[PDB]
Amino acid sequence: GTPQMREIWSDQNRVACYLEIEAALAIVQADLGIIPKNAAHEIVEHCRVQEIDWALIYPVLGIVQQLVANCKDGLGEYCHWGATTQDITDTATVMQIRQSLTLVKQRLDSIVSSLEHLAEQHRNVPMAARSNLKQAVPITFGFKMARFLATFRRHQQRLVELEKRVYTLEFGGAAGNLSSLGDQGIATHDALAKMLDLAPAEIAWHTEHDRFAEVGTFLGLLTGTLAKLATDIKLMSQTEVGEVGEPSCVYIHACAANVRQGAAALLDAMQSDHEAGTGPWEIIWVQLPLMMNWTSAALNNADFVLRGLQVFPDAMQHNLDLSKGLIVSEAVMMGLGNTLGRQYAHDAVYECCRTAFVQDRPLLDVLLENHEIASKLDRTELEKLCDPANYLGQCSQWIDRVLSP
């Protein structure tokens, strides 16, 4: 992961969420009259990570013991009231997921910016579109970048839409009903949710892992797009192609591949049992932080390579001419269809292409060896049809469509 993301899921930050949740709970339950105000005043005072000794099997109760034994007069005996261990972790993860998606939103912003710039800069730079790694028809490199831009924006919408579901609180107690809090449970839950800038929960979700999984599936979709970017780039940076040059993409392949399988594990964890299951919880506890760190590795590399990406229009022009005009045969067909018969127009270029291909000669040269062509049309305009730059299509217009929203 990246130093930014690798600390979000570090212990130091994690147990910080722990102390931040316990303090808010103490405040909430004091205001509701569940615990003494002065005990709460002391619980919160010692909820500072700077004051925790890192002793070397319980992730949360290990902290609340160092907090209970660190409060004067045994006032620390009043924290963690009515809350279960999973409540602290799940809500803490939710807090961490938000911190992570802030970076993702920031990296996505930069990536969309870089793409917007490249789509404009190379708006009209011609190149060969490739289908199954074979050349197809002429397009512009800015058109290629525009197709990515439209994708990352869809991913941006996906991220925003899931935030309103994921940013929920997890405070349901042992069986999700908060028995030991009696009737103050729902009062405490909604109080804590407002305290933590989280949405109140409709009902407990200690075994309903749909929220966390949605994050995984999004990370999988996003990394998937980032992988296509690295594939096209490293393809275009081939020794034999050289249409672009990196300023780092090969790493995105591992991130996306690990992330997609990780998301599948999270979908498996959705098949939890009853009100609590250690197994499924453990799966999320393991994959989710990894998936966050893989995706940040991908976004960072992707952001960098685009910001410093080198584009070589000369190489793109050269590759377009490998076909010696064959690539724009469709243009020659439609162009010549006016002077010669439409039926003959197709039948002549089509046959002239086979000749020029088996003979590895320019299409223009085989067209001019047909007498009707050489007689009813001259070289200057016959060449203009065989120019790949003339069959660029209506791309710049599409590029504008993507840059308008």
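Note that residue numbering follows the sequence shown and begins at 1.
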Review point. Which fits the stretch between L56 and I57: none, 1 to 3, 4 to 9, or 10 or more deposited residues lacking coordinates?
Key: 4 to 9
Practice item. Check the residues of the deposited sequence separating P247 from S248 and report how many of them have no coordinates, as none, 1 to 3, 4 to 9, or 10 or more. Key: 10 or more
Practice item. Could you check which stretch, 75-83 or 232-240, carries the larger mean CA temperature factor in the entry? Key: 75-83
Check your understanding: 331-339 versus 260-268: which one carries the higher mean Cα B factor per the record?
Key -> 331-339
Review point. Considering only modelled residues of the same chain, in which third does the CA B-factor of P289 rank: lowest, middle or highest?
Key: lowest
Practice item. Can you work out whether the C-alpha temperature factor of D183 puts it in the lowest, middle or highest third of the chain? Key: highest
Revision key, fill the gap. Temperature factor at the Cα of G325, chain-ranked in thirds, falls in the middle
Check your understanding: Where does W9 sit by CA temperature factor within its chain: lowest, middle or highest third?
Key -> lowest
**Study point:** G277, C-alpha B-factor rank within chain (lowest, middle or highest third)
**Key:** highest
